[PDB]
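Chemist: First to last, the protein sequences are chains A, B and C. Counting along the first sequence from 1, when you hit position 136 you're at 136 in the numbering used here, and nothing is skipped either side. Counting along the second sequence from 1, when you hit position 65 you're at 1065 in the numbering used here, and nothing is skipped either side. Counting along the third sequence from 1, when you hit position 85 you're at 2085 in the numbering used here, and nothing is skipped either side. Just so it is clear, CB atoms sit at the ideal spot from N, CA and C, and this is done for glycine as well. Sharing a structure here in structure tokens format.
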Amino acid sequence: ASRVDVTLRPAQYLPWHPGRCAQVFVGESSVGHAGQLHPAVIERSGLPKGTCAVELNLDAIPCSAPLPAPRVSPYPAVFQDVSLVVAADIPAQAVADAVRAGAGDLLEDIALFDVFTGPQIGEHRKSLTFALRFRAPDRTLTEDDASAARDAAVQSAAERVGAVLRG
Amino acid sequence: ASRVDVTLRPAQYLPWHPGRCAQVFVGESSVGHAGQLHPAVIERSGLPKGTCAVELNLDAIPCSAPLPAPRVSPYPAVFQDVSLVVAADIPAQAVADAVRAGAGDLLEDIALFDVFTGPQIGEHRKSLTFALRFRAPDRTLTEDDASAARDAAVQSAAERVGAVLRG
Amino acid sequence: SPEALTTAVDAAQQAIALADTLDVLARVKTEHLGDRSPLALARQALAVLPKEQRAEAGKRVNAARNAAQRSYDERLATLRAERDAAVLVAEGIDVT
RNA sequence: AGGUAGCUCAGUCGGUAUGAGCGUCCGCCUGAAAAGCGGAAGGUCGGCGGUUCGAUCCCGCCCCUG
């Protein structure tokens, strides 16, 4: 509604739950917090269990007046999924950013749809699977050219968050 | 968004699915249709399977300028559930209307949360369970006074849609 | 054998009308109208016989083959219409 | 000059469409995927009419693109 991009980062800030609290940034400026309230605060206050809360400073959110000029490519897309094993405490947004940074301009969309733990993966690890949609602006993208962008995305995730391609 | 009340009634009207099509009424005036498209229309048109659609005539929806003046009762509410067996082709909205008509002014909220079929109920039948919230405007409602309103709601459902209290 | 085809049409038109399932009718088709069917073997044997016996023997084969086709086509459309109608009933919901 | 499976195309000279890749759907594989292999379903052969016992094939007209 404010037409601004926002990142959420792990944080500890009462009265929020230290493990379920996000600090909200616009750029590198903090604008507030969100998540579930601390169970001890909830208990002492007589609040419902699991109560959640959010507070942002609107005056810290700069007013944006964007004038988009999108260019829509009509050429067919290539759909590919990638499954990456990282340490369990690696935030999923950091893995996606690394994939996006390696995929390049051919990457049109990336969506996380699976977060898996278990003995197949190993202790202290987790597996993340992303749906990737590649598309060229001026040609019908080939399956190979898309796989090259996918390989570069996997290489980028490996270097930045230590992601291991699942086998 | 139009600030009007709407009823949906079973209907057969192409290109909608004859068993998944609702005609939309504002009062007794038809204003359009909604539901899933006919699978033969979808097949012949090359549309995605399960495509749904809605079309209403805005000029047939009268502009409403309501001035609500609600009166909120602070007195405690009584929560009770009722489970009613009707014929499988009795629309759930007709059962709720009959319950509401028998409950009277003490009924603050009614919500259907279960639709059950099975050998426990019998063939050609279905069981519906509603969550009822009773509340008095000037006193703390007693469990008995709420049950009297519930009994009257069950009696009304019996007379209007043949609902049988489940045992 | 011409005019002996009337026993193959009767054997097909009664096996076609007996099928009340698309899977049953699919097997009845290949048995009485497929590439290995007797009615198909009568059509393949129309280029080896001499030319003077080709204008009349084929008219009895084409009449016997078209009679079995109509019985199959009308039975295929009927069974597919019943299947499609049953889906609409089974997919009914309470729209309220 | 062509129109042929949902798509892209090979091909059939009047009495059996036979097909290849993609796609789709299954099976192996994965906890589930993608990618892989593997199997399979899948065709009044552009429309209306001649001709013929019989037309994807020959004849007339028309629709479609270079």
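Does any residue of chain B bring its CB to less than 8 Å from the CB of C/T2078?
Modeler: For C/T2078, the answer is no, since every Cβ of chain B falls outside 8 Å of its Cβ.
Chemist: Quick check for students: name the residue ranges of the alpha helix (DSSP H) that lie wholly in the region 1018–1097 of chain B, counting only runs of 4 or more.
Modeler: Counting only runs of 4 or more, we get 1039–1045.
Chemist: By how many angstroms is the C-alpha of A/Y13 removed from the C-alpha of B/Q1023?
Modeler: For B/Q1023 and A/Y13, the distance between alpha carbons rounds to 52 Å.
Chemist: Let me know if B/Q1036 comes out buried or exposed under the rule of 16 or more other beta-carbons within 10 Å of its beta-carbon.
Modeler: B/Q1036 should be labelled buried.
Chemist: Chain B beta carbons: is any one of them nearer than 8 Å to that of C/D2035?
Modeler: It does not: the Cβ of C/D2035 has no partner Cβ on chain B nearer than 8 Å.
Chemist: Can you tell me which of the three DSSP states A/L165 falls into?
Modeler: Looking at A/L165 - three-state DSSP - the assignment turns out to be strand.
Chemist: Between C/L2088 and chain B, is there a C-beta pair that is closer than 8 Å?
Modeler: At least one chain B Cβ lies under 8 Å of C/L2088.
Chemist: Is the number of C-beta pairs between the region 1132–1139 of chain B and the region 1092–1111 of chain B that are closer than 8 Å three or more?
Modeler: Touching, yes, given that three or more Cβ pairs across the two stretches are closer than 8 Å.
Chemist: Would you identify the three-state DSSP class for B/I1110, choosing helix, strand or coil?
Modeler: Residue state, collapsed to three classes: strand.
Chemist: Would you mind reading off the limits of the alpha helix (DSSP H) that contains residue 2115 of chain C?
Modeler: Because chain C in this structure spans residues 2001 to 2096, residue 2115 of chain C falls outside the shown range and cannot be described.
Chemist: Could you check the C-alpha separation between A/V85 and A/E123 for me, to the nearest Å?
Modeler: Taking the straight line joining both Cα atoms gives about 11 Å.
Chemist: The beta strand (DSSP E) spanning A/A131 covers which residue range?
Modeler: Looking at the DSSP string, the run of the beta strand (DSSP E) that includes A/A131 is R125 to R135.
Chemist: Looking at the ligand GDP, does it come within less than 7 Å of C/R2054, judged from the CB to the closest heavy atom?
Modeler: This structure lacks the ligand GDP, and indeed carries no ligand of any kind.
Chemist: Name the two residues that bound the continuous alpha helix (DSSP H) containing C/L2041.
Modeler: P2038 to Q2044 is the span of the alpha helix (DSSP H), which, as asked, contains C/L2041.
Chemist: Bridge partners of A/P10, per DSSP?
Modeler: A/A22.
Chemist: Is the beta carbon of B/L1008 closer than 8 Å to that of C/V2095?
Modeler: Cβ atoms of C/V2095 and B/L1008: closer than 8 Å.
Chemist: Note down, in chain order, every chain C residue with its Cβ under 7 Å from the Cβ of B/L1008.
Modeler: Simply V2095 and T2096.
Chemist: Beta-carbon of B/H1033 versus every beta-carbon of chain C: anything under 8 Å?
Modeler: With 8 Å as the cut-off, B/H1033 does not count as an interface residue toward chain C.
Chemist: Is B/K1126 buried or exposed, if buried means 16 or more other CB atoms sit within 10 Å of its CB?
Modeler: That one is buried.
Chemist: Please confirm if the region 1059–1074 of chain B is in contact with the region 1093–1104 of chain B, defined as three or more CB-CB distances below 8 Å between the two stretches.
Modeler: Segments in contact, no.
Chemist: Using the beta-carbon count (16 or more within 10 Å), is C/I2093 buried or exposed?
Modeler: Exposed, by the Cβ-count rule.
Chemist: Since A/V115 sits in a beta bridge, which residues does DSSP pair it with?
Modeler: Answer is A/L128, bridged to A/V115.
Chemist: What first and last residue would you give for the alpha helix (DSSP H) that runs through C/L2049?
Modeler: Unbroken run through C/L2049: none, as it is neither H nor E.
Chemist: For the region 1013–1033 of chain B, which residues have a beta carbon sitting closer than 8 Å to at least one beta carbon of chain C?
Modeler: Cβ contacts with chain C come from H1017, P1018, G1019, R1020, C1021 and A1022.
Chemist: Comparing the C-beta of B/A1092 with each C-beta of chain C, is any distance below 8 Å?
Modeler: Taking Cβ atoms only, chain C reaches closer than 8 Å to B/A1092, which makes this a yes.
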